[PDB]
Amino acid sequence: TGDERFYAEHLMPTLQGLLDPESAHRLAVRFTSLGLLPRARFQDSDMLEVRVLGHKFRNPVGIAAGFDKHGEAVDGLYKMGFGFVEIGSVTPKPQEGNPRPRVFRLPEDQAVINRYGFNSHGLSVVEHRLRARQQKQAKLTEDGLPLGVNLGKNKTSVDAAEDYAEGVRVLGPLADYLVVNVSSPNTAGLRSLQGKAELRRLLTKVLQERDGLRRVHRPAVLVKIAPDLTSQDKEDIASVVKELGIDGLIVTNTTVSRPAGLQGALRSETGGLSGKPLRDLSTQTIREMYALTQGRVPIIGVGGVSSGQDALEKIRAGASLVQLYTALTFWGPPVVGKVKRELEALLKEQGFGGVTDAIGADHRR
Ligand SMILES: Cc1cc2nc3c(=O)[nH]c(=O)nc-3n(C[C@H](O)[C@H](O)[C@H](O)COP(=O)(O)O)c2cc1C
Ligand SMILES: CN(/N=C/c1ccccc1C(=O)O)c1nc(-c2ccccc2Cl)cs1
Ligand SMILES: O=C(O)c1cc(=O)[nH]c(=O)[nH]1
């Protein structure tokens, strides 16, 4: 509570005054990679444990893709108190991404806009980085701290499906789950991989490559979607996910929309918008996808989570797990313990025995 206020009121506003957002992001990854973090003194209650995607999750609060793009800070993120870590997006070949500046703060909106453009060390570098800690990760996973890997595609690739297939082959064996991110707003054409006969063809190839891995090295496969889909796109995705036995959905990526009421000077920058203005658009997308999949497809809920109330709203809408990113940039590492403490308190107040009991509760009212 002391360092929650110190981080929110003094340290983060001081860092944002001294460093542009991408510099601050880079420094945050370096500090995290060295374990230079405040005490994550919140101890996970049994109430927070979730069993989904073939794994135990000690707590349902994960770090979303895009913070640790290149798998440099995984151990530091568990030390921060995340129940699970997602690295990436990782592209087959190394690529630089967009020219700088490409990350923009909207302080008045508690939002960020980014157009990183899948800056990636590439699969080989990330493969060797995860191999160096593979057994340490096996023990973390067994102790309820799973690892996800988010797979992207290179800007100049002539075959999107083959880029994802390469990622399944190279990083699948090192991951508890993989994510096919057909929802970055910052690679031309990527989101059109969300339409039907082509999405079926893409996901069929990804699942075949996954099913070709040895049993102990066989990850869950999730599809990560945009909040910007049409009703037709969402019904098509739900249909294909059920038909192919996709293991879960991540709902949602950043929005290319600009909700009415943004105040930030940088609101008209090109890129994906994250944080508070995405929150309820994300929650509503979770609700719709949970209904279209009859509650049979696990959802990881993400977009504008900054409190236990935000986490519980996504859980009651249909999420089994949640992720956050943008809240960490505003409030720093103490926001993780804050979300967990508030979520545990709210579950008790609303008469839930644990997270599991709350999943999709709004659909049963
Ligand atoms: C700076 C930045 C970089 C991101 N890069 C990625 C990415 O590489 N892959 C991805 O799937 N999502 C990426 N995202 C999206 C987040 O994973 C998340 O879906 C989105 O930001 C909503 O969560 P939030 O409001 O808690 O930040 C990125 C988000 C931000 C803010
Ligand atoms: C600056 N910052 N992230 C910044 C950041 C990251 C991504 C995008 C934008 C920004 C931004 O500045 O607008 C963090 N710092 C930590 C952190 C990590 C370890 C120890 C102490 C801290 Cl405060 C986590 S995220
Ligand atoms: O630009 C990126 O790398 C990136 C940004 C974002 O918001 N989402 C994503 O999937 N990729």
# chains A, B, ... in the order shown; residues from 1 in each chain; ligands from 1

$ residues_near_ligand --ligand "ligand 3" --cutoff "9 Å" --atoms "only C-alpha atoms and all ligand atoms" --output "ChimeraX atom specification"
/A:65-66,69,88-89,97-98,102-103,113-120,150,152,181-187,224,226,253-256,271-274

$ closest_atom_pairs --of "chain A" --to "ligand 2" --cutoff "6 Å" --atoms "only C-alpha atoms and all ligand atoms" --output "CSV"
residue,atom,partner,partner_atom_place_in_ligand_line,distance
A:16,CA,ligand 2,12 (O),5.7
A:21,CA,ligand 2,11 (C),3.8
A:22,CA,ligand 2,9 (C),5.9
A:24,CA,ligand 2,1 (C),4.5
A:25,CA,ligand 2,6 (C),3.6
A:28,CA,ligand 2,15 (N),4.3
A:31,CA,ligand 2,19 (C),4.9
A:32,CA,ligand 2,19 (C),4.6
A:36,CA,ligand 2,20 (C),5.6
A:37,CA,ligand 2,20 (C),4.4
A:105,CA,ligand 2,13 (O),5.3
A:328,CA,ligand 2,25 (S),5.0
A:329,CA,ligand 2,3 (N),4.0
A:332,CA,ligand 2,23 (Cl),4.4
A:333,CA,ligand 2,24 (C),5.7

$ residues_around --residues "stretch 166-177 of chain A" --least-positions-apart "6" --cutoff "7 Å" --atoms "only C-alpha atoms" --output "list in words"
residues 92, 123, 127, 130, 134, 146, 147, 148, 149, 151, 206, 209, 210, 217, 218, 219, 220 and 221 of chain A

$ select_by_dssp --residues "stretch 226-346 of chain A" --states "alpha helix (DSSP H)" --output "PDB file with N, CA and C atoms, in the first residue's frame"
ATOM      1  N   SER A 231     -19.502  -8.270 -36.207  1.00  0.00           N
ATOM      2  CA  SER A 231     -20.331  -9.408 -35.734  1.00  0.00           C
ATOM      3  C   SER A 231     -20.028 -10.639 -36.608  1.00  0.00           C
ATOM      4  N   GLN A 232     -19.933 -10.465 -37.924  1.00  0.00           N
ATOM      5  CA  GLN A 232     -19.693 -11.582 -38.886  1.00  0.00           C
ATOM      6  C   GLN A 232     -18.322 -12.206 -38.597  1.00  0.00           C
ATOM      7  N   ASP A 233     -17.308 -11.376 -38.370  1.00  0.00           N
ATOM      8  CA  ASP A 233     -15.940 -11.881 -38.072  1.00  0.00           C
ATOM      9  C   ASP A 233     -15.974 -12.711 -36.782  1.00  0.00           C
ATOM     10  N   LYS A 234     -16.662 -12.222 -35.750  1.00  0.00           N
ATOM     11  CA  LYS A 234     -16.710 -12.903 -34.440  1.00  0.00           C
ATOM     12  C   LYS A 234     -17.447 -14.236 -34.561  1.00  0.00           C
ATOM     13  N   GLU A 235     -18.571 -14.261 -35.479  1.00  0.00           N
ATOM     14  CA  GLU A 235     -19.309 -15.550 -35.538  1.00  0.00           C
ATOM     15  C   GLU A 235     -18.477 -16.598 -36.280  1.00  0.00           C
ATOM     16  N   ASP A 236     -17.727 -16.082 -37.260  1.00  0.00           N
ATOM     17  CA  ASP A 236     -16.823 -16.905 -38.109  1.00  0.00           C
ATOM     18  C   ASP A 236     -15.680 -17.465 -37.253  1.00  0.00           C
ATOM     19  N   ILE A 237     -15.052 -16.624 -36.426  1.00  0.00           N
ATOM     20  CA  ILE A 237     -13.954 -17.075 -35.531  1.00  0.00           C
ATOM     21  C   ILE A 237     -14.466 -18.126 -34.540  1.00  0.00           C
ATOM     22  N   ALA A 238     -15.625 -17.910 -33.916  1.00  0.00           N
ATOM     23  CA  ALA A 238     -16.206 -18.846 -32.941  1.00  0.00           C
ATOM     24  C   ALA A 238     -16.442 -20.194 -33.636  1.00  0.00           C
ATOM     25  N   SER A 239     -16.979 -20.158 -34.850  1.00  0.00           N
ATOM     26  CA  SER A 239     -17.299 -21.372 -35.633  1.00  0.00           C
ATOM     27  C   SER A 239     -16.005 -22.152 -35.921  1.00  0.00           C
ATOM     28  N   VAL A 240     -14.985 -21.472 -36.420  1.00  0.00           N
ATOM     29  CA  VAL A 240     -13.692 -22.124 -36.790  1.00  0.00           C
ATOM     30  C   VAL A 240     -13.008 -22.660 -35.527  1.00  0.00           C
ATOM     31  N   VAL A 241     -13.013 -21.908 -34.427  1.00  0.00           N
ATOM     32  CA  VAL A 241     -12.366 -22.337 -33.165  1.00  0.00           C
ATOM     33  C   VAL A 241     -13.017 -23.630 -32.678  1.00  0.00           C
ATOM     34  N   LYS A 242     -14.344 -23.718 -32.770  1.00  0.00           N
ATOM     35  CA  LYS A 242     -15.066 -24.926 -32.292  1.00  0.00           C
ATOM     36  C   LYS A 242     -14.807 -26.097 -33.241  1.00  0.00           C
ATOM     37  N   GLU A 243     -14.850 -25.863 -34.531  1.00  0.00           N
ATOM     38  CA  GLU A 243     -14.656 -26.882 -35.601  1.00  0.00           C
ATOM     39  C   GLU A 243     -13.255 -27.515 -35.478  1.00  0.00           C
ATOM     40  N   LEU A 244     -12.229 -26.701 -35.215  1.00  0.00           N
ATOM     41  CA  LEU A 244     -10.818 -27.189 -35.231  1.00  0.00           C
ATOM     42  C   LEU A 244     -10.341 -27.620 -33.850  1.00  0.00           C
ATOM     43  N   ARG A 279     -10.919  -0.814 -22.126  1.00  0.00           N
ATOM     44  CA  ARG A 279     -11.348  -1.800 -21.100  1.00  0.00           C
ATOM     45  C   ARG A 279     -12.708  -2.420 -21.454  1.00  0.00           C
ATOM     46  N   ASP A 280     -13.743  -1.584 -21.606  1.00  0.00           N
ATOM     47  CA  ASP A 280     -15.112  -2.130 -21.728  1.00  0.00           C
ATOM     48  C   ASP A 280     -15.346  -2.678 -23.133  1.00  0.00           C
ATOM     49  N   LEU A 281     -14.700  -2.147 -24.168  1.00  0.00           N
ATOM     50  CA  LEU A 281     -14.722  -2.765 -25.512  1.00  0.00           C
ATOM     51  C   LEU A 281     -14.186  -4.205 -25.422  1.00  0.00           C
ATOM     52  N   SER A 282     -13.078  -4.406 -24.705  1.00  0.00           N
ATOM     53  CA  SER A 282     -12.504  -5.749 -24.461  1.00  0.00           C
ATOM     54  C   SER A 282     -13.493  -6.639 -23.696  1.00  0.00           C
ATOM     55  N   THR A 283     -14.032  -6.143 -22.594  1.00  0.00           N
ATOM     56  CA  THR A 283     -14.968  -6.936 -21.742  1.00  0.00           C
ATOM     57  C   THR A 283     -16.153  -7.384 -22.589  1.00  0.00           C
ATOM     58  N   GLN A 284     -16.674  -6.491 -23.422  1.00  0.00           N
ATOM     59  CA  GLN A 284     -17.860  -6.830 -24.252  1.00  0.00           C
ATOM     60  C   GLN A 284     -17.463  -7.879 -25.293  1.00  0.00           C
ATOM     61  N   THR A 285     -16.236  -7.838 -25.801  1.00  0.00           N
ATOM     62  CA  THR A 285     -15.785  -8.844 -26.794  1.00  0.00           C
ATOM     63  C   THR A 285     -15.661 -10.212 -26.110  1.00  0.00           C
ATOM     64  N   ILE A 286     -15.181 -10.247 -24.871  1.00  0.00           N
ATOM     65  CA  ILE A 286     -15.106 -11.485 -24.051  1.00  0.00           C
ATOM     66  C   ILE A 286     -16.530 -12.030 -23.930  1.00  0.00           C
ATOM     67  N   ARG A 287     -17.456 -11.166 -23.565  1.00  0.00           N
ATOM     68  CA  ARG A 287     -18.858 -11.610 -23.348  1.00  0.00           C
ATOM     69  C   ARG A 287     -19.378 -12.274 -24.607  1.00  0.00           C
ATOM     70  N   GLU A 288     -19.194 -11.627 -25.744  1.00  0.00           N
ATOM     71  CA  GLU A 288     -19.728 -12.134 -27.024  1.00  0.00           C
ATOM     72  C   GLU A 288     -19.040 -13.455 -27.388  1.00  0.00           C
ATOM     73  N   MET A 289     -17.717 -13.548 -27.262  1.00  0.00           N
ATOM     74  CA  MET A 289     -16.993 -14.780 -27.666  1.00  0.00           C
ATOM     75  C   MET A 289     -17.368 -15.933 -26.718  1.00  0.00           C
ATOM     76  N   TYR A 290     -17.557 -15.675 -25.432  1.00  0.00           N
ATOM     77  CA  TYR A 290     -17.956 -16.718 -24.459  1.00  0.00           C
ATOM     78  C   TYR A 290     -19.318 -17.270 -24.864  1.00  0.00           C
ATOM     79  N   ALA A 291     -20.259 -16.374 -25.180  1.00  0.00           N
ATOM     80  CA  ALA A 291     -21.611 -16.799 -25.624  1.00  0.00           C
ATOM     81  C   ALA A 291     -21.520 -17.591 -26.931  1.00  0.00           C
ATOM     82  N   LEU A 292     -20.788 -17.119 -27.935  1.00  0.00           N
ATOM     83  CA  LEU A 292     -20.682 -17.792 -29.257  1.00  0.00           C
ATOM     84  C   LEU A 292     -19.991 -19.158 -29.122  1.00  0.00           C
ATOM     85  N   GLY A 308      -8.776  -4.953  -9.241  1.00  0.00           N
ATOM     86  CA  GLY A 308      -9.525  -6.186  -8.996  1.00  0.00           C
ATOM     87  C   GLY A 308     -10.912  -6.111  -9.614  1.00  0.00           C
ATOM     88  N   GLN A 309     -11.592  -4.965  -9.552  1.00  0.00           N
ATOM     89  CA  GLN A 309     -12.920  -4.829 -10.201  1.00  0.00           C
ATOM     90  C   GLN A 309     -12.780  -5.113 -11.703  1.00  0.00           C
ATOM     91  N   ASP A 310     -11.796  -4.518 -12.366  1.00  0.00           N
ATOM     92  CA  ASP A 310     -11.604  -4.720 -13.820  1.00  0.00           C
ATOM     93  C   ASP A 310     -11.380  -6.212 -14.092  1.00  0.00           C
ATOM     94  N   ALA A 311     -10.570  -6.875 -13.277  1.00  0.00           N
ATOM     95  CA  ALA A 311     -10.245  -8.304 -13.476  1.00  0.00           C
ATOM     96  C   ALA A 311     -11.532  -9.115 -13.309  1.00  0.00           C
ATOM     97  N   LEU A 312     -12.269  -8.842 -12.232  1.00  0.00           N
ATOM     98  CA  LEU A 312     -13.495  -9.631 -11.937  1.00  0.00           C
ATOM     99  C   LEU A 312     -14.543  -9.375 -13.018  1.00  0.00           C
ATOM    100  N   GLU A 313     -14.651  -8.169 -13.573  1.00  0.00           N
ATOM    101  CA  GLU A 313     -15.627  -7.942 -14.668  1.00  0.00           C
ATOM    102  C   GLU A 313     -15.314  -8.837 -15.857  1.00  0.00           C
ATOM    103  N   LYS A 314     -14.029  -8.974 -16.213  1.00  0.00           N
ATOM    104  CA  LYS A 314     -13.666  -9.851 -17.361  1.00  0.00           C
ATOM    105  C   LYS A 314     -13.912 -11.333 -17.009  1.00  0.00           C
ATOM    106  N   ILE A 315     -13.612 -11.741 -15.789  1.00  0.00           N
ATOM    107  CA  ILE A 315     -13.868 -13.132 -15.321  1.00  0.00           C
ATOM    108  C   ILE A 315     -15.369 -13.420 -15.389  1.00  0.00           C
ATOM    109  N   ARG A 316     -16.211 -12.557 -14.836  1.00  0.00           N
ATOM    110  CA  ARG A 316     -17.670 -12.791 -14.838  1.00  0.00           C
ATOM    111  C   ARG A 316     -18.214 -12.760 -16.270  1.00  0.00           C
ATOM    112  N   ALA A 317     -17.589 -12.027 -17.184  1.00  0.00           N
ATOM    113  CA  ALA A 317     -17.967 -11.975 -18.609  1.00  0.00           C
ATOM    114  C   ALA A 317     -17.568 -13.268 -19.340  1.00  0.00           C
ATOM    115  N   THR A 326      -0.675  -2.199 -19.899  1.00  0.00           N
ATOM    116  CA  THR A 326      -0.650  -0.728 -19.808  1.00  0.00           C
ATOM    117  C   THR A 326      -0.709  -0.261 -18.350  1.00  0.00           C
ATOM    118  N   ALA A 327      -1.472  -0.900 -17.469  1.00  0.00           N
ATOM    119  CA  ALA A 327      -1.510  -0.528 -16.038  1.00  0.00           C
ATOM    120  C   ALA A 327      -0.110  -0.584 -15.400  1.00  0.00           C
ATOM    121  N   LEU A 328       0.735  -1.542 -15.764  1.00  0.00           N
ATOM    122  CA  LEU A 328       2.106  -1.643 -15.216  1.00  0.00           C
ATOM    123  C   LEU A 328       2.897  -0.379 -15.567  1.00  0.00           C
ATOM    124  N   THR A 329       2.642   0.214 -16.737  1.00  0.00           N
ATOM    125  CA  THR A 329       3.407   1.363 -17.251  1.00  0.00           C
ATOM    126  C   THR A 329       3.026   2.609 -16.451  1.00  0.00           C
ATOM    127  N   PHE A 330       1.801   2.664 -15.940  1.00  0.00           N
ATOM    128  CA  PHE A 330       1.312   3.829 -15.170  1.00  0.00           C
ATOM    129  C   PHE A 330       1.619   3.665 -13.686  1.00  0.00           C
ATOM    130  N   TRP A 331       1.277   2.509 -13.177  1.00  0.00           N
ATOM    131  CA  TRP A 331       1.462   2.282 -11.728  1.00  0.00           C
ATOM    132  C   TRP A 331       2.684   1.502 -11.151  1.00  0.00           C
ATOM    133  N   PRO A 334       3.904  -2.619  -8.257  1.00  0.00           N
ATOM    134  CA  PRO A 334       2.936  -2.864  -7.185  1.00  0.00           C
ATOM    135  C   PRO A 334       1.491  -3.080  -7.671  1.00  0.00           C
ATOM    136  N   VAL A 335       1.171  -2.697  -8.912  1.00  0.00           N
ATOM    137  CA  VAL A 335      -0.203  -2.889  -9.456  1.00  0.00           C
ATOM    138  C   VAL A 335      -0.542  -4.376  -9.491  1.00  0.00           C
ATOM    139  N   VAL A 336       0.440  -5.276  -9.611  1.00  0.00           N
ATOM    140  CA  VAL A 336       0.120  -6.721  -9.708  1.00  0.00           C
ATOM    141  C   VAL A 336      -0.482  -7.214  -8.388  1.00  0.00           C
ATOM    142  N   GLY A 337       0.211  -6.993  -7.261  1.00  0.00           N
ATOM    143  CA  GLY A 337      -0.305  -7.341  -5.920  1.00  0.00           C
ATOM    144  C   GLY A 337      -1.624  -6.642  -5.647  1.00  0.00           C
ATOM    145  N   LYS A 338      -1.776  -5.406  -6.118  1.00  0.00           N
ATOM    146  CA  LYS A 338      -3.013  -4.602  -5.921  1.00  0.00           C
ATOM    147  C   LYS A 338      -4.182  -5.322  -6.579  1.00  0.00           C
ATOM    148  N   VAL A 339      -4.021  -5.694  -7.839  1.00  0.00           N
ATOM    149  CA  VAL A 339      -5.099  -6.389  -8.586  1.00  0.00           C
ATOM    150  C   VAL A 339      -5.442  -7.688  -7.865  1.00  0.00           C
ATOM    151  N   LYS A 340      -4.431  -8.484  -7.506  1.00  0.00           N
ATOM    152  CA  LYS A 340      -4.691  -9.774  -6.847  1.00  0.00           C
ATOM    153  C   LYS A 340      -5.430  -9.564  -5.514  1.00  0.00           C
ATOM    154  N   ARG A 341      -4.985  -8.627  -4.670  1.00  0.00           N
ATOM    155  CA  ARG A 341      -5.599  -8.365  -3.331  1.00  0.00           C
ATOM    156  C   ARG A 341      -7.052  -7.923  -3.518  1.00  0.00           C
ATOM    157  N   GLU A 342      -7.293  -7.010  -4.444  1.00  0.00           N
ATOM    158  CA  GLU A 342      -8.656  -6.490  -4.699  1.00  0.00           C
ATOM    159  C   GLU A 342      -9.539  -7.605  -5.251  1.00  0.00           C
ATOM    160  N   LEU A 343      -9.029  -8.423  -6.164  1.00  0.00           N
ATOM    161  CA  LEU A 343      -9.821  -9.521  -6.769  1.00  0.00           C
ATOM    162  C   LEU A 343     -10.211 -10.511  -5.672  1.00  0.00           C
ATOM    163  N   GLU A 344      -9.272 -10.874  -4.800  1.00  0.00           N
ATOM    164  CA  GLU A 344      -9.591 -11.847  -3.723  1.00  0.00           C
ATOM    165  C   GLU A 344     -10.720 -11.265  -2.850  1.00  0.00           C
ATOM    166  N   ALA A 345     -10.633  -9.991  -2.490  1.00  0.00           N
ATOM    167  CA  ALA A 345     -11.625  -9.301  -1.623  1.00  0.00           C
ATOM    168  C   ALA A 345     -13.005  -9.297  -2.298  1.00  0.00           C
ATOM    169  N   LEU A 346     -13.055  -8.952  -3.586  1.00  0.00           N
ATOM    170  CA  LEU A 346     -14.317  -8.897  -4.354  1.00  0.00           C
ATOM    171  C   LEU A 346     -14.919 -10.287  -4.487  1.00  0.00           C
TER     172      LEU A 346
END

$ atom_distance --atom1 "atom CA of residue A:72" --atom2 "atom CA of residue A:23"
16.0 Å

$ decode --residues "stretch 238-263 of chain A" --atoms "N, CA and C atoms" --output "mmCIF file, in the first residue's frame"
data_model
loop_
_atom_site.group_PDB
_atom_site.id
_atom_site.type_symbol
_atom_site.label_atom_id
_atom_site.label_comp_id
_atom_site.auth_asym_id
_atom_site.auth_seq_id
_atom_site.Cartn_x
_atom_site.Cartn_y
_atom_site.Cartn_z
ATOM 1 N N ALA A 238 -15.625 -17.910 -33.916
ATOM 2 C CA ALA A 238 -16.206 -18.846 -32.941
ATOM 3 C C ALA A 238 -16.442 -20.194 -33.636
ATOM 4 N N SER A 239 -16.979 -20.158 -34.850
ATOM 5 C CA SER A 239 -17.299 -21.372 -35.633
ATOM 6 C C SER A 239 -16.005 -22.152 -35.921
ATOM 7 N N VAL A 240 -14.985 -21.472 -36.420
ATOM 8 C CA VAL A 240 -13.692 -22.124 -36.790
ATOM 9 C C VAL A 240 -13.008 -22.660 -35.527
ATOM 10 N N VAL A 241 -13.013 -21.908 -34.427
ATOM 11 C CA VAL A 241 -12.366 -22.337 -33.165
ATOM 12 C C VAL A 241 -13.017 -23.630 -32.678
ATOM 13 N N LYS A 242 -14.344 -23.718 -32.770
ATOM 14 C CA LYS A 242 -15.066 -24.926 -32.292
ATOM 15 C C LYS A 242 -14.807 -26.097 -33.241
ATOM 16 N N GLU A 243 -14.850 -25.863 -34.531
ATOM 17 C CA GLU A 243 -14.656 -26.882 -35.601
ATOM 18 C C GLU A 243 -13.255 -27.515 -35.478
ATOM 19 N N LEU A 244 -12.229 -26.701 -35.215
ATOM 20 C CA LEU A 244 -10.818 -27.189 -35.231
ATOM 21 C C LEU A 244 -10.341 -27.620 -33.850
ATOM 22 N N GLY A 245 -11.044 -27.290 -32.778
ATOM 23 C CA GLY A 245 -10.624 -27.606 -31.408
ATOM 24 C C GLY A 245 -9.453 -26.732 -30.981
ATOM 25 N N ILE A 246 -9.423 -25.486 -31.436
ATOM 26 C CA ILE A 246 -8.496 -24.453 -30.864
ATOM 27 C C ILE A 246 -8.675 -24.439 -29.348
ATOM 28 N N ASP A 247 -7.581 -24.353 -28.577
ATOM 29 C CA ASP A 247 -7.606 -24.568 -27.117
ATOM 30 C C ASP A 247 -8.143 -23.341 -26.384
ATOM 31 N N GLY A 248 -8.003 -22.148 -26.958
ATOM 32 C CA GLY A 248 -8.540 -20.955 -26.289
ATOM 33 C C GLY A 248 -8.404 -19.695 -27.111
ATOM 34 N N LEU A 249 -8.942 -18.619 -26.570
ATOM 35 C CA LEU A 249 -8.919 -17.272 -27.171
ATOM 36 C C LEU A 249 -8.257 -16.290 -26.203
ATOM 37 N N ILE A 250 -7.518 -15.336 -26.766
ATOM 38 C CA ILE A 250 -7.046 -14.153 -26.018
ATOM 39 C C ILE A 250 -7.816 -12.950 -26.555
ATOM 40 N N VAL A 251 -8.520 -12.281 -25.653
ATOM 41 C CA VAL A 251 -9.527 -11.262 -26.019
ATOM 42 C C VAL A 251 -9.292 -10.091 -25.078
ATOM 43 N N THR A 252 -8.608 -9.004 -25.502
ATOM 44 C CA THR A 252 -8.306 -8.617 -26.855
ATOM 45 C C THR A 252 -6.907 -7.985 -26.965
ATOM 46 N N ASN A 253 -6.495 -7.836 -28.211
ATOM 47 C CA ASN A 253 -5.361 -6.959 -28.623
ATOM 48 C C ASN A 253 -5.788 -5.492 -28.490
ATOM 49 N N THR A 254 -4.904 -4.590 -28.899
ATOM 50 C CA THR A 254 -5.173 -3.131 -28.933
ATOM 51 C C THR A 254 -6.228 -2.828 -29.985
ATOM 52 N N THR A 255 -6.830 -1.653 -29.852
ATOM 53 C CA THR A 255 -7.857 -1.164 -30.797
ATOM 54 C C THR A 255 -7.257 -0.134 -31.767
ATOM 55 N N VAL A 256 -7.684 -0.207 -33.022
ATOM 56 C CA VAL A 256 -7.391 0.839 -34.048
ATOM 57 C C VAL A 256 -8.506 1.881 -34.027
ATOM 58 N N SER A 257 -9.520 1.690 -33.192
ATOM 59 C CA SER A 257 -10.570 2.707 -32.967
ATOM 60 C C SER A 257 -10.020 3.796 -32.058
ATOM 61 N N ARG A 258 -10.693 4.949 -32.056
ATOM 62 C CA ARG A 258 -10.362 6.061 -31.162
ATOM 63 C C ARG A 258 -11.677 6.452 -30.515
ATOM 64 N N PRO A 259 -12.022 5.812 -29.379
ATOM 65 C CA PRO A 259 -13.282 6.103 -28.693
ATOM 66 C C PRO A 259 -13.437 7.607 -28.522
ATOM 67 N N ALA A 260 -14.677 8.080 -28.643
ATOM 68 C CA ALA A 260 -14.987 9.487 -28.337
ATOM 69 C C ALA A 260 -14.529 9.761 -26.902
ATOM 70 N N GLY A 261 -13.978 10.941 -26.681
ATOM 71 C CA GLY A 261 -13.596 11.427 -25.344
ATOM 72 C C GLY A 261 -12.117 11.321 -25.037
ATOM 73 N N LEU A 262 -11.286 10.689 -25.876
ATOM 74 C CA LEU A 262 -9.820 10.733 -25.620
ATOM 75 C C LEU A 262 -9.379 12.193 -25.557
ATOM 76 N N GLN A 263 -8.547 12.502 -24.576
ATOM 77 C CA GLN A 263 -8.038 13.869 -24.301
ATOM 78 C C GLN A 263 -6.557 14.006 -24.668
#
